[PDB]
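To start, the structure itself, in structure tokens.
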Amino acid sequence: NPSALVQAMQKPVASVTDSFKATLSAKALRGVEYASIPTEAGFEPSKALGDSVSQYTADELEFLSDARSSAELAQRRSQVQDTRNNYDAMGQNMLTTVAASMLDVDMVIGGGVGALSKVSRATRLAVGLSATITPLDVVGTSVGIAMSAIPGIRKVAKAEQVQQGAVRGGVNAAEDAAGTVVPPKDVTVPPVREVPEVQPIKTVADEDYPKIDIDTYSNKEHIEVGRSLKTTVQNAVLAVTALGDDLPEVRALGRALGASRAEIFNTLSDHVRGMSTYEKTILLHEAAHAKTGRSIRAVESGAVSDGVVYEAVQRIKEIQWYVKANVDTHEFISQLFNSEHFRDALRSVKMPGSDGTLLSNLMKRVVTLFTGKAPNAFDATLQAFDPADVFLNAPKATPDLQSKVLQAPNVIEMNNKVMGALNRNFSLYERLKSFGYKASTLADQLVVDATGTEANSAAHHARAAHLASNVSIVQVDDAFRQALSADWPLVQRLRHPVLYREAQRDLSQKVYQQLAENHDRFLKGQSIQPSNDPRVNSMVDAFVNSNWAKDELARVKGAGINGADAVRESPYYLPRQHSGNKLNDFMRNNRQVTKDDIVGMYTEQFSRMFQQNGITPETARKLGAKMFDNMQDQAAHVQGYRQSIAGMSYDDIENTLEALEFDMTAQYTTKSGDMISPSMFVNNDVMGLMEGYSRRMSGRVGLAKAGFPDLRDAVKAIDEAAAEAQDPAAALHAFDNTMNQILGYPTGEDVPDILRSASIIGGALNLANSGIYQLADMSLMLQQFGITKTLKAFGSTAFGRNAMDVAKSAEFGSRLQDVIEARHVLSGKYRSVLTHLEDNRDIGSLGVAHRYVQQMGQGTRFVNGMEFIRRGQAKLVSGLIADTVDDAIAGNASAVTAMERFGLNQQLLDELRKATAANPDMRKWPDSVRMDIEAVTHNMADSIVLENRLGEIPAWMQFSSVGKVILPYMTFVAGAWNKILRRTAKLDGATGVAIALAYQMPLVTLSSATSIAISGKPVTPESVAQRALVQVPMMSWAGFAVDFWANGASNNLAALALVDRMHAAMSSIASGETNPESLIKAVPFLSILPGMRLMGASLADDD
Amino acid sequence: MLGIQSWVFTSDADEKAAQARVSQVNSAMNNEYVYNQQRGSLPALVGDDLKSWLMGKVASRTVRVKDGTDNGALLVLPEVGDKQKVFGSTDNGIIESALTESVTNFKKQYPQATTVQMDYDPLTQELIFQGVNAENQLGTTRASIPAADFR
Amino acid sequence: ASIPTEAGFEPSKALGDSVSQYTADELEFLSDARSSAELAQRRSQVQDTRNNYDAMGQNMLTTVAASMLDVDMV
Amino acid sequence: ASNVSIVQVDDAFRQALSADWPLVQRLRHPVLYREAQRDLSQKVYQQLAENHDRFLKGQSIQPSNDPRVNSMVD
Amino acid sequence: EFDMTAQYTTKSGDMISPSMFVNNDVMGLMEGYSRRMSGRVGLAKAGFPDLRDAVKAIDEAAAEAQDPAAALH
């Protein structure tokens, strides 16, 4: 009874997750490697572990509770063990665990076993060790070490020398044998000479590796000697006295001081030996400034009330006060040293309260300070008070940086140059402001990421909104993968690449059709019913519970974005569009149907739709013809804004009327008697229809919150701003290109999405003293290493020659650059080839996939990585075809006689030459000859893929000079792959970050080399390495690592979540706080260096 | 276990080596204790029992390289997942003979170095040597050797 | 005020059988403990509070004036 | 009404420094003891600026790695 | 409205920004707000939701006594 009152009046116990904050805490970034495992009905991770739950550290349990089936749990329990084994070795040295927080890719990108726990432990360790004298310096130095170890390279060896060395082993290692079998009484020499079976290999220290060191003394008082070796004052002084036999018997003063900062010499026992007697006395004279360390402690409450020193400080401050009336402590104390007549001034006065000159008693207390022995050594300092390269230096603003391109004379220029090399956006924001004043105001509303105010640009809000969508797109992506996990094991996918693609098109059609019924039934108050195919029910369920459909309709209504209330809502909603690809592909197989029929088809619909408004027949035909002209533009990716300003960009009738309801079942009849209907040309895929909608709606929502809820005034504000600069034409083009990028339209260039980079602008001073510049400088030197090794590798191989040489020639370098950059393929005439290759073949078509499926670990890290290479190779092939077609049209006979192998004839060529002459722009081919040259190219595209598999040059391609560089490429890369797997043999994260760079680095090198030559300057490795930085700054290199780790919707979460974690830390730093947590979080680009080491060094190894 | 030879008549040179090696063992034990404590895996012992536990943990990873001078040299191998992948064998008597050339070269390049420390870098499959000072401070000398040629 | 809170402490579960020796308001004053030390100190103060009022109980009238003159109570 | 809720935050500040500063130490180093409060005030004030601006724009909040700040914010 | 991060440069070359002069303490910032808002809420419920007429009602009341200077004070 009474115990009821006690519990009735208590307060409820807190949750068991309110504690453990900063340890438990985003599941998508942790289950990428297990995505394609089917779910198990009624599985429960807690009920399956049973008694075993008592052997984990409260975060391993967090990582283990995500299992959805027995196999997933079995694999997670395996990964947790490798995670322990890796960190056991690194625990041998405390400092190395501090640098593990910034250099383990699994922990900084995603997929590791706990990330918060490691960071929250590294911060505590860094704080503890400092009790390299402040917590920031411990973080800074922990990475300077662990990266300065010069690597060793393999080299061929002579067999005899190695065998001699190995024979001196065994001997010198068998003298410890007891020899109780076959005693010495029974030994004899064998009648034949033996020889061991060692391999002929050496090891040699590398020569091009840089000598990396970190500066940690700029922001503190320090002593420079001979203006390297770094030591402390209390260490240097002792060495001077010991090796100081040539000093006046001053030596006792040195001994006394040695028992009482940072020092740098530009082997310690010999540095002091190479000094004259005079200098090494000035070294002690400046070391007598030890007072500063003690003046500070008596201003702060460190030396609370300790006698002697506390009284000496008070009676020095009293004298400091006295001199003002009758004739901070640091300046007075410094003047006592660094001047002559100042001392003479104090001699001509006696104290008002004791015997002795004012100067005499002042010195009495300095000895108490820099010695600490209470109140005879005054004679020594008196005589030490009577040009050398030793000085005492106050803190300076600009650190010492080793890289060439970062040095600047003042703090503003250095800050401007540092941020340029990290983020792409900064150099764009800078270039926008040169267009006068109106541009400057408008620039702040589009691209900047303000750190000190609420009003923030449109790109920031769009980035913030685009994460919410992807958190729900992923849950549906993982359901599609699981629906085909059975019936298609990895081995089968590699054999039948073409057919595998249809297994997805079938499910997409089924699910899309199923979601149409349940929407129309929901909207009319009827009842929903399930289907009889078990996959469709699961796919639909994963869609309703995803919940993004209502979220988007709620968000878009926020801020009232134009005519958005007209839309209707339901959990099964899905937009509607036509597809220009399905129209062309259908019109290719059938040639009885011509343009004359599609326009008539749409005319019938348009005439019936607007009957009540008295639509005259002429307008019906005009609208029918303008639904075809702007449908071809959709397939070729030549659209842009300024054509969808009336409303939103997802209605097919508004976009047709703005340019000056469909039955979808009514059947039309063509000339040949074939029947046709508009349903055949509707879009069907789901994911490609979800991402497109989400990306553009995020861009519209972000733009509204910046102050432009409707684009009509957004256009006007640009037209008015451009008419202020000296060249209005360029400014308008720049702003149009920026707006197209923000809204998510194809600009035709090959660049990463604008949302993936930040434009932080804020306090220059606070950033400099945080120490970020030193860490940015280090990561920028290692580029020299990789690029130098790549240039050497090109210089070595025969294929590297003539390939590094075509790039210099003005006759061909320009075309090779265009082929690498994919500038003729991404949009315009030729995109049909890229579309056909992109979504009609699988990883099994590479050929290289078969050759490595068993060395590489046969897991997800193989398939996830191979898509990146597919999407790399398709662009090269398409660019080669595009180049060799224009060359043929130009007049090169040797190309024409190879073009005709696939079906050209005089009739097509004459018309093509005629058409090209009238108009060289040609955003698209004319309707008269479209369907023939289009088929000619597609036939070629297929053939090359079959003959080129091995990495060989087909016989009929011997004419093309540029093709000699592209076709054999994949054999060159395979060489680097073999050497890396001969060094690690695992394919873990560090190996992936090396393979991706091994594939992607050389193309950048060739493009940059071509770019430098045409500008009439010499091409040296340093020049190439510096020019590469203005194409792919550091934060874009990490983009490739993410691209090789995850694919599709899961990529966006990781790529975006790194940037905000950087902005949120630099904002806090700029405000005035420098918590080491902030420094750790503020440099996510530093993760790829250890992976860089493996690739960079591996290119020097012998075969 | 320290590897000193003279056991009847000893000079000051042996005393200096013993003094340095005692501090080396103390530093190794401190690192081991810190690593164990951070993971939360320390045993329920105190005082002499804990000292014996730590000494037994450290004792297994000690190897007495032979050549270079009198008294040879003393090294403590780092912890590894499995020895057969990095060192190529599970017996210390072969690694002791194999490390002789590397240790002799390292000491030849840097005469001023008194003690040597060994560490393993899993990311690049590399073995690293570095000179060490008292008070757990580290020097500037360093060297690197791939694992393939060692195996 | 300045005593740190204890994770997962529960004043009812710590008293156990001892809850049967209080007058239904001492329990009210004891159920506020957030850590073992706080409970130990509260149990000490409750005893001085009894000892003080034992002496004043010798005369009935004095307990009437205790309501207006005990600073801790007013 | 206000003071009924100001107090609950006052008692959290006191408890954050109860350790690392026993009464005997406070009496020896009076001047330095004052900075231990200025540091926590700065940290918490800065932390509450981020979580406000993120809340106002529909983003997500994340905790800090210093155990005192999480308790103070809670 | 203030940028709070834009960096200004003085005559001597030292850089300066308005962030250095913001208030930081919490409690001394909570009590000050609460005390004045309580006073404003209490005054509103008495019949003066805006101080503009509160001033006028005082200026008019003072001009009745024999010594208006003291009453206003």
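Going by the order they are written in, the chains are A, B, C, D and E; count residues from 1 in each one.
In this text, contacts are C-beta pairs under 8 Å (C-beta built on N, C-alpha and C of every residue); 3 or more make two chains touch, one makes a residue touch a chain.
In UniProt terms, the chains line up like this: A = Putative internal core protein.
Averaging C-alpha coordinates per chain and comparing to subunit B, the farthest chain turns out to be E. More inter-chain C-beta contacts link the pair D-E than the other of D-E and C-D.
A straight line joining the Cα centres of subunit B and subunit E is 70 Å long. The geometric centre of subunit D is 27 Å away from that of subunit E, both derived from CA atoms.
Subunit C and subunit D have centres, each the mean of its CA atoms, that are 31 Å apart. Chain geometry summary: the mean Cα position of subunit A and that of subunit D are 35 Å apart.
Among the residues of subunit A, those in touch with two or more other chains are 1071-1072.
Multi-chain contact residues of subunit B (touching two or more other chains): none found. By the contact rule set out at the top, the touching chain pairs are A-B, A-C, A-D, A-E, C-D, D-E.
In the complex of the two chains, the subunit D residues touching subunit E come out as 2-3, 6, 9-10, 13, 38, 41-42, 44-45.
Only residues 28-33, 42-43, 46, 49-50, 53, 56-59, 62-67, 70, 74 of subunit D touch subunit A when the two sit together in their complex.
Contacts from subunit C toward subunit D in the complex involve residues 1-5. By the touch rule above, subunit B contacts subunit A in their complex via residues 31, 34-35, 38-40, 66-67, 78-81, 93-94, 96-98, 100-101, 112, 119-126, 128, 138, 140, 142-146, 148-149. Within the complex formed with subunit A, the residues of subunit C that make contact are 7-8, 10-12, 15, 19-20, 22, 24, 27-28, 30-31.
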